[PDB]
Each structure stands twice: as structure tokens, then as C-alpha cells.
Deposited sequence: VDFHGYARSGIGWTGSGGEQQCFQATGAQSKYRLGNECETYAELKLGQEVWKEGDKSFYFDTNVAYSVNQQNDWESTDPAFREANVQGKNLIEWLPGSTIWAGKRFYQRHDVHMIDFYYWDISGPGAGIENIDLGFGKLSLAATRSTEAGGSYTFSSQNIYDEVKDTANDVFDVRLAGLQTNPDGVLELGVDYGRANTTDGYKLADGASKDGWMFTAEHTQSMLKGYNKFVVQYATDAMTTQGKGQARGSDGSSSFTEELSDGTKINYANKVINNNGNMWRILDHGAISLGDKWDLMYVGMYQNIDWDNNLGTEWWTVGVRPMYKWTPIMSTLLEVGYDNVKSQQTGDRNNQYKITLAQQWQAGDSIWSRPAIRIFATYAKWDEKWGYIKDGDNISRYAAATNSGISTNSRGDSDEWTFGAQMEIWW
């Protein structure tokens, strides 16, 4: 049996008191993770090549995830059963080298490690055929599913309904990778079309976006014993909410019962998204490794409830010895509310001493001892409707109750381990 996975766990303190606190800018879809992770997360994968005959084989893979708050020894949880699929390699004679698969699977995910941000992730239940050799590149086709809560109604009279149902969103994915564009440079193109797919008799409330498209272009350049990836993505309507390739076609739906059930008008995700990303990991000589990110993301919703986000960060690693190093991470986030026009910003600086299994910025396991400082100035926040957070924003100053963190700073410190195997 093959044992693989990922895990992080630690203990931390907040300078002003109590357990460690993690800092993320209101409106930003991520945070600079070094010394800024507040939970024990673990994925335990058990897989096996169950059959092999010649060039043909069947591989079975699983994945059970656990997330606990690391507050005590005994911590109960509901594990997420994320993967359970079978991959058959070389079974289709006329499509030599291709792999056919079916089941729940993390499918060709693309992420930026330092901000733990996935920008191309259509994982979930699915099926497809990958690595079809076109000579000049590899073609991959796949269909996966996601499901939204509610959104499908059996309308009796106009917007009064009898029953609600969860809405299945299908995604059809096509990717062409390995296009040699220049020496040591490769290009991958991808298209995603997603849509809400309602059960017969059910319908989406008035105004649901229904569907959308997403286009991705990623260029990988090998250099400095590492790489640099340049990404450009454009998403449309239903693909703007999740923003990684999964469709949210009934996003914004709601209803109220009095007992006559009324399906409110959908406060939809019609609009578009532009993401220009550039990240990499390179070696600057014998003693230095460097990870970096630079991203501009603009979610332009017709309804004007979107955000414009800028994030930049850098993580240099100095190698004292092959197993010991000092890491520094500096990250900056600036988010502008499309609705109010105000801006929120945060910058965090983390200094960590580390012992890792190898001399790479990518070597894991790693045991860290760190100190983090975060300073933020948030001029807006989402209107906190009691306990639930609204899609609407309000300036911190306007007496409205928002989830804005205000203007402040804090520092934390502690120990942590991270590992993938």
C-alpha cells in the first residue's frame, strides 16, 4: 500500500494574549501562510497499483481529510472523504498513453503554495480521459460535479414554490498542455464551461446566472533551478463566484416562508473576472532559495458587489546548513470594494527558524519556530447581519455593523510542523 498525504500542526501564542490568531485581509481570498496557520489539517492517502500487465495498469487512490482546531488532545471531527477513484493507463489502444478515470479525484489542481491559493481546481466526483498525445501537446477532457445548496424550486404560481432541492453544477473541461513556445518555456491552455443542471420539474429562481465560461493560459519557464509561472484567466458569470473552474449557477438564491414559500429574486454573479498571476520558486546561488507571488484579481459584477484585489509577497530562504535555515515572508494585500469604493490593506512580516528534510525551500517535513507581525487598515467590511455575513459592504465608519477589523496590528509566535509525503 502507498501512503501519501499532507499535514500541518502546531502551537502558537498571540502577543497580546491567548492562543495564536491568524491574519487575513477582509475581502481577500487568501493569506500569506508562514506562521499564519491556525489549524491542524491532514490528508491521509492510501492507494495501490492493483493490476499491471505489460504497459497497462490500474491504480486505485483514496483520500480522507481531517481539520481540527488544535485546542485539545481529544478533538472529534467529521472527516471529508475527498478521493476514491481508479485510473487505467494505456487501456485504449488507439489513444496510446492516455489514462481513463472515474471517481472522486483531485484533478490537475494548480495553486500558489505560499498563499495556499488554488486558481484552477475543478476537483470532485468526475470522469475523463487525460494525456491524449497530439504530438505537439497533450489533450485532456473531463467532466466533474459540484452542488449548491437549494436553488432549485418546484414553482406552483410564479415565485411561490412547493419544494426546494440542491442544484447540481456540471463542468466540462478541456486542456492542451506541453506547447513548447520557447526554449525552456511551455504553455498550457484550458477552457471550462459550467452550468446549473436542474432536475425535471424544478427551476432556478428569477435572475440566476445559470452558466459561464473560464479560460486559462499558463506559461511555465524553467530557470534558476526552479520555475516561473505566468497565468492569465478570464471567467464569466456562473464561473466568477468560486473562480477556479467550478460553476455556481444558482449563486445568490434565497427564499422565505410564511406556509407559502417564496423564492426571492437571485442576487446573481453575472459579470466577469480577470486574474493575472505570476509566481515562482528559484535558487539564487548556494545559500538562497526564493518563492514569490504577484497577483491582480478583479471580480466585476454587474450588480457592483465585487472586489479588486492586489497581492504581492516574497519568501526568501537562507541556508545556514543543509538542514537548517532562516525564512522570511513578507506579504501585502490590498482589496477595493466594488460597491463602496473603499480599500482594505494588510502587510505581514514573518521570521522563522527552520529544520527541514533537505536543502530546498520545497523540502518537507519542516519544523519551524516563528514570529509574525501583521498591521492592517480596513476601511470597509461586509455587513454583518447579526451573525451571518452579507454580500453587501459598508464603510467601517458608517455606523453599520460589518466584519471589518479596523485599523490595528498584532504579533504572534509559536512552533509548527508541515509535511507532504
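According to the record, the deposited residues with no C-alpha atom in the structure span just 259 to 264.
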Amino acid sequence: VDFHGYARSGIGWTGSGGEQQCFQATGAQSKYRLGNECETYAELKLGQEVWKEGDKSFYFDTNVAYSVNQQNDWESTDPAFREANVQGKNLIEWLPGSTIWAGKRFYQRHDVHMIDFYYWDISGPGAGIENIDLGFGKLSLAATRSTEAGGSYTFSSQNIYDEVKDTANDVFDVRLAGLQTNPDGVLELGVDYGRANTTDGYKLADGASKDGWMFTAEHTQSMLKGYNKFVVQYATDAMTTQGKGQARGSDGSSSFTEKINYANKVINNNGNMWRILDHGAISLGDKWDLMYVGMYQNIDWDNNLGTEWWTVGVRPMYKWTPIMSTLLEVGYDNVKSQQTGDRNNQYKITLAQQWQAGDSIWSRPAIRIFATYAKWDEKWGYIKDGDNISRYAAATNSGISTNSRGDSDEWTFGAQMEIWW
From here on, numbers count along this sequence of modelled residues.
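Stretch comparison (392 to 400 versus 350 to 358) by mean CA B-factor in the PDB entry places 392 to 400 on top.
Higher mean CA temperature factor between 238 to 246 and 283 to 291: 283 to 291, per the PDB entry. Highest CA B-factor among the listed residues (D173, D111, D170, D133): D133.
Highest CA B-factor among the listed residues (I100, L179, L277, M317): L179.
Ranked by C-alpha B-factor against the other modelled residues of its chain, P365 falls in the lowest third. For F58, the recorded CA B-factor ranks within the lowest third of the chain. Only modelled residues enter the ranking.
Annotation for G47: CA B-factor lies in the lowest third of the chain's modelled residues. Among the modelled residues of its chain, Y373 has a C-alpha B-factor that falls in the middle third, as given in the PDB entry.
The entry lists a Cα temperature factor for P79 that places it in the lowest third of the chain's modelled residues.
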